[PDB]
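Under the authors' numbering, the residues of the sequence shown are numbered 2 to 113, in order. Even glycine gets a Cβ: it sits at the ideal position worked out from N, Cα and C. Report on the structure given below.
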Amino acid sequence: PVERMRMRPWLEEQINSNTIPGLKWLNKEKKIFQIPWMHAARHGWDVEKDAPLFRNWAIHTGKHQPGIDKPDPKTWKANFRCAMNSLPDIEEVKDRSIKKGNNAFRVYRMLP
Numbered sequence: 002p003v004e005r006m007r008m009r010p011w012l013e014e015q016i017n018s019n020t021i022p023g024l025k026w027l028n029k030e031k032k033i034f035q036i037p038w039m040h041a042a043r044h045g046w047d048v049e050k051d052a053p054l055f056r057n058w059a060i061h062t063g064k065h066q067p068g069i070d071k072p073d074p075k076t077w078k079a080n081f082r083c084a085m086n087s088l089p090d091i092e093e094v095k096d097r098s099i100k101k102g103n104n105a106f107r108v109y110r111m112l113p
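This is the structure we're talking about:
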């Protein structure tokens with residue numbers, strides 16, 4: 002169980018269910034998951050890869066609520082970045098010059 006769907010279990014749930022075909026476990030056995038991130042829009046204005054997530058932000062983490070205040074996606078995108086600077090077991094791996102077929106995602110490795 003969990004106290005309030007922390008980001009750890011929130012990511013294990015998103016991936017376990019497969020919310021996006023670009024984000025998933027490359028080796029969930031050792032807790033290794035890679036994300037696609039942005040590969041087209043300089044930043045947003047089109048991120049179907051992380052579009053259904055970027056929204057869960059605010060209403061999720063707990064920094065905003067629709068139907069009460071105004072929405073602000075600017076800071077929401079800054080949160081995802083911290084999601085990588087968090088959990089002291091993640092290892093961002095966007096491949097260098099070996100695993101570069103035609104996507105190259107930020108493969109984050111989580112230690113068990």
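- The way I'd put it, the region 16 to 23 doesn't touch the region 60 to 74; fewer than three beta-carbon pairs between them come closer than 8 angstroms.
- Rounded to the nearest whole angstrom, the C-alpha separation of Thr-62 and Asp-51 is 15 angstroms.
- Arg-82 is the residue among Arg-82, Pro-89, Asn-103 whose C-alpha sits nearest the C-alpha of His-44.
- A Cβ-Cβ distance of about 5 angstroms is found for the pair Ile-36 and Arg-107, placing them in contact under the 8 angstroms criterion.
- Take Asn-104, set aside five residues on each side of it, and the residues of its chain with a beta-carbon closer than 8 angstroms to its own are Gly-23, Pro-37, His-40, in chain order.
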